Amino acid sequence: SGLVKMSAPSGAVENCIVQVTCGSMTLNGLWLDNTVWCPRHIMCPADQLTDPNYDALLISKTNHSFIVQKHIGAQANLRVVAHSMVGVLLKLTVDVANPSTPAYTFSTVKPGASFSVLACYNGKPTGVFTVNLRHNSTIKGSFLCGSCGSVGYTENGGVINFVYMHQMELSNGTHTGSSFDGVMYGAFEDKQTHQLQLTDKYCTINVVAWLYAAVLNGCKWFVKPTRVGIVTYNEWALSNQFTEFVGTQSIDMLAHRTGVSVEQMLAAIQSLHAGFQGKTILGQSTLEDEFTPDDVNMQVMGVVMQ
């Protein structure tokens, strides 16, 4: 038992991290087969950060402009033989395939989805943590400018699913990046201008999963006979910065295991949002919305007890 933020083991991703340098700027890249991916803003000189013309920047560079180095493991300097833009990514073709390329896929995750982040600095892995794609398609991470190129991923049956490359800090502790098709998560441009974020929202179904985790972990004081219909909850959610609830099979099975109904949990959310009354749930006095039902499922399998 217990519930903690858990990341996928990072070894397979660590073997793919490299350092990329262009002019005075350096950050991290991801080396898969004969390709190195990094943010295109590596090309931008410090004085043009507000107004980058990436098309001009691209063609002002030669292949030799980009120095690519592998520092950890089987150390190497990698010759760049082509460079092109893929949305807000630079795609550097190099003359050697990464022999440690894992089986992999690319995906774009949806708000409410969790993934692991390998934080990197100067081409070396430095930390691992998990985030959730926020309703406004930001993430709440921990980064420096030198951490750009850090990689978000999930893992399933030996296959690494690459979903995020770190691009920018939008505001304090608020970050965004692109999927590997080069599309930036959310309504955000890779430039150094104030950009307004859409309002964030609690991910209801994640909150519900977390409350079920709590109940399986013996924490149940918040469960009452009180029920709220999904239609009534969703109307309330629109006025209180929660997402609308749509049930899933995974939630249904958690309800089955605990004997606590979805309508009870939605009622608990409404009460708890008004206040925790000096009490805690799984160590917290705020609603937790970054565990998905799948994340919870992985960490439970106890019999409901009490």
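We number the residues from 1 along the sequence you see.
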Which has the higher mean CA temperature factor in the PDB entry, 238-246 or 29-37? 238-246
Between 224-232 and 83-91, name whichever shows the higher mean Cα B factor according to the PDB entry. 224-232
Say you rank 59, 269, 254, 67 by Cα B-factor from the PDB entry; which sits at the top? 59
Taking the values straight from the PDB record, which of 215, 144, 209, 133 has the highest C-alpha temperature factor? 144
Looking at the entry's B-factor column for C-alpha atoms only, identify whether residue 140 ranks in the lowest, middle or highest third of its chain. highest
For residue 204, the third of its chain into which the C-alpha B factor falls: lowest
Of the three thirds of Cα B-factor ranks in this chain, residue 153 occupies the lowest
Is residue 301 in the lowest, middle or highest third of its chain when residues are ranked by C-alpha B-factor? highest
State the tercile, meaning the lowest, middle or highest third, of residue 55 with respect to the CA B-factors recorded for its chain. middle
